[PDB]
C-alpha cells in the first residue's frame, strides 16, 4: 500500500466504457459482499504512475484492456481515508479468464450509466459521484 502525505491511501480506477459513446460502463462484484457492485480499481504501487495503476487494476479486477482516455478527477473517501485517480478507458479487449475471476470468482457486468449510478449509491456514493460530470 502507498499513501499521500496526509495518510490517505493512493488508488486508481477506470470508468470502463464499451465505446467512445460512453453510454455503458463495466462494474465488478465487491470482494467482501459479492451481491454488490463497485468500480474496478485499487492501490497504486511504489513509484507507479496513476494511469499505469488504473490500467493494471482494471486488467486484474475486470479482465479488460483498451484505450486509456482522460483523467476525470481525483476523489476522496473520508471514512476509509483513500484518494482515487479516476480515468476513462474505452474497452477494446475482453478476456475470458482474469486474475480475480480465477482467484475469488469476481463477476463483471455492463450497466447503462444511469443504472451504474443507481447500484453504486447505497454502499459506494463516492463511486456514483465519479459519473456526475
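Numbering follows the first chain given and starts at 1.
Q: Mind pulling up the entry and telling me whether 121-129 or 17-25 has the higher mean Cα temperature factor?
A: Looking at the record's C-alpha B-factors, the answer is 17-25.
Q: For the higher mean C-alpha B factor in the entry, choose 33-41 or 83-91.
A: Comparing 33-41 with 83-91, the higher mean C-alpha B-factor belongs to 33-41.
Q: Hey, out of 64, 72, 53, 102, whose CA B-factor is highest in the deposited coordinates?
A: Spelled out: the listed residue with the top C-alpha B-factor is 102.
Q: Using the temperature factors of the C-alpha atoms in this entry, rank residue 76 within its chain: lowest, middle or highest third.
A: Lowest third, going by the recorded CA B-factors of the chain.
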